[PDB]
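Before any questions on how it binds or moves, here is one chain, the form deposited in one PDB entry, in structure tokens.
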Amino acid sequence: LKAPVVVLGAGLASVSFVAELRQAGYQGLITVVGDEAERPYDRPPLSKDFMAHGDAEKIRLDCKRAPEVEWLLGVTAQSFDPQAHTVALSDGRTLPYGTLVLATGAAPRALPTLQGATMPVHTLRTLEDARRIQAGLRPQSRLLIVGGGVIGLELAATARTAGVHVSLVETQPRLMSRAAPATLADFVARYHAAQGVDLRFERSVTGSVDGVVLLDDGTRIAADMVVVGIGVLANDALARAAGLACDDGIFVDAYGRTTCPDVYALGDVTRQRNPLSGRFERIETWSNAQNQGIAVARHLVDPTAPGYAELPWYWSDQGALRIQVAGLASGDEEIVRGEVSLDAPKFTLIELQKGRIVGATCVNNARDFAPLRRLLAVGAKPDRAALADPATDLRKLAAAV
């Protein structure tokens, strides 16, 4: 940890990192460069209560555990020179650094077949994006969503609540193909279909003409607006130009180190080890942004601290479904606790590998999720009959292990 510290990006990973630097006792300069001219804000509300209610002053991040930080908002870092230890800014200024931290996140992938579209086509990443989409959620209008990921489905639910007609096209045979157990994905599809979403599986967009989107089965979907949600691409251009190892994401170890000395990276922009799979992955979650930012900061201030070690998890709010997913989507065994039903949905899935818990899901059961994450963290091998048995309380099991 060499002063001064410069962080590129002012999202959750950056805010979490600089707050932990201060809490851990670092008292040198910290400067954060953020391209959005916005008080730092959290993204999960954008497809949830913000999309529904519109008050951005409910979604700001707390920067008060980050005192004495200069936030350069509305400024783009254009390049850095890792030999000279400087960053070039879009406003003509240059920042010196002792330690540079790349926390630049990820941006929605564009859909090549809609490149020349003459109808509204949006993606959903920023506050600006959310305000633009919301301005078009007219009651009884028609929305087409491309992609059955969690964000598309949260938007689908929000739009249906607002009285908007919703169609959704997904190339895979299931929703949430990226990080959800098949049992969950099948149930979620049934839920959205029951709520009026017109779901089209194993279909891809081939183009559009005069307000109508074309599909690869030779058919058409008319819409007033298209929202593309087919995933994100790491914002790693500065790292690539400066010579760091990257591949749709900056490679980092558990200390947040890139291949360039004195340069670290954190959050959505990184490709990092998933401890459960033991493979490198670009993690795209709120908990990773916060937890990885905190761990990297802690170890910079105190090199005796462990590297980042948290296991992955996320949540998604989709209408009446409060979904929580931890760890791996599958193993060699799934245990289902409760009935899987559209009538007052409430259930838990547990994924095991050779008897060891490797993942869990809760739908409308926050109370089960915390003890399951603890059992997952220690790789618990509990009695499978008890895991299934409705009489088992998981909190005590987590306390006993």
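Note that residue numbering follows the sequence shown and begins at 1.
Separately, the form solved in complex with a small molecule exists; it is not shown, and the next lines address it.
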> Are any of the heavy atoms in residue 98 no more than 4.5 Å from a heavy atom of the small molecule in the entry with it bound?
Replying inline: no
> Could you tell me if residue 117 has a non-hydrogen atom within 4.5 Å of the small molecule in the entry with it bound?
Replying inline: no
> Within a 4.5 Å heavy atom cut-off, is residue 242 in contact with the small molecule in the entry with it bound?
Replying inline: no
> Any chance residue 183 has a heavy atom within 4.5 Å of the small molecule in the entry with it bound?
Replying inline: no
>> Counting any non-hydrogen atom inside 4.5 Å, which residue from 215, 311, 111, 199 sits next to the small molecule in the entry with it bound?
In response: 111
> Which listed residue (211, 331, 231, 82) meets the criterion of a heavy atom within 4.5 Å of the small molecule in the entry with it bound?
Replying inline: 231
> For this chain shown on its own, do 249, 254 and 272 all sit within 4.5 Å of the small molecule in the entry with it bound, going by heavy atoms?
Replying inline: no
> Counting only heavy atoms and a 4.5 Å cutoff, which of 272-280, 188-196, 297-305, 145-153 contacts the small molecule in the entry with it bound?
Replying inline: 145-153
